[PDB]
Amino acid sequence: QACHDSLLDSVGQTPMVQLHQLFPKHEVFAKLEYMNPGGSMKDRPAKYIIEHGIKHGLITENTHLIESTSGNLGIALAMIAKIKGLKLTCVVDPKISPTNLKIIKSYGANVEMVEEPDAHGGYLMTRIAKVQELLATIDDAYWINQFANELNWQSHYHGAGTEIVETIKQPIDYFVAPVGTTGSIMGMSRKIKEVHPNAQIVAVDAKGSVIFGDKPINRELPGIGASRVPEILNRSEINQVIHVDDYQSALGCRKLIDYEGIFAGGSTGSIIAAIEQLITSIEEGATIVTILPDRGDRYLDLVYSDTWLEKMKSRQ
């Protein structure tokens, strides 16, 4: 191993682990994106978007980064911004995890907490409006714009997507990924299908997410699911869509830690639930590749709380 000159050099090249115990009749490979130094998969677009902007003169040391975020992208941006010497303001709402908020603040990022919900309860439109307000009033700014920025999916194309095809050189029969912005499934599937053109691309979403037009219900988990259809998404590149509810997702997390000792976050539970559904239809022995976006540490009062689990069971 060589010395890194900064923490940036340890982004990527994350482990790939076969889930022998959880999936004894298929060859299931899990890309451990949560082992990125910032703690989640969002290290990939944070590093890639900011470095691209700097290289091409859109971002200088004077440029103020702006984004509306839940925890994970906020934390990743804050880490990269801090390393690069850039100001960052995260637009957030009162639904953000209290611990994720403290982490963002620890990295020295500014936080703009919106307080007014719309007449109907959501803070989405309020956050959208606050981002535009900041772009109007903070001179020299760069909007990360994760739902529309092509650099998002490109980061995953060059990131785990490239590492997946280097490692899993055997045919990939199914690639299974959770969706939020869809940057991950778009970028990784594009890279995968260059090498494995017959790979089936399987999106996993939360029940109540509007990405693929499910009927909206209250959703507890971050990361997976969205309240908008992302501009990034090209539906024709998706071959199968599986929705999983929050109880299902949480059971998936608890099963993964029980069977493999892997302590992962909500959306990882979602893809465990979805792969268990998928394997009732596909061929025994299939090669399945998936990604595990973040750690269980960010879900102690969600998935890994027994009282929360019982409440989600009741929602079914």
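Start at 1 with the first residue shown and count on from there.
Higher mean CA temperature factor between 88-96 and 200-208: 88-96, per the PDB entry.
If you average the C-alpha B-factors over 4-12 and over 305-313, the higher value belongs to 4-12. Across 270, 40, 287, 70, the greatest Cα temperature factor reported in the deposited entry is at 70. You'll see in the entry that, of 187, 122, 223, 230, the Cα B factor peaks at 122. Residue 58: CA B factor in the highest third of modelled residues in this chain (values from the PDB entry). When the CA B factors of the chain's modelled residues are split into thirds, the value for residue 277 lands in the middle one. In the deposited entry, the Cα temperature factor of residue 243 sits in the bottom third of values across the chain's modelled residues. Among all modelled residues in this chain, the alpha-carbon of residue 156 has a temperature factor (C-alpha) in the lowest third. Sorting the modelled residues of the chain by their CA temperature factor places residue 213 in the highest third.
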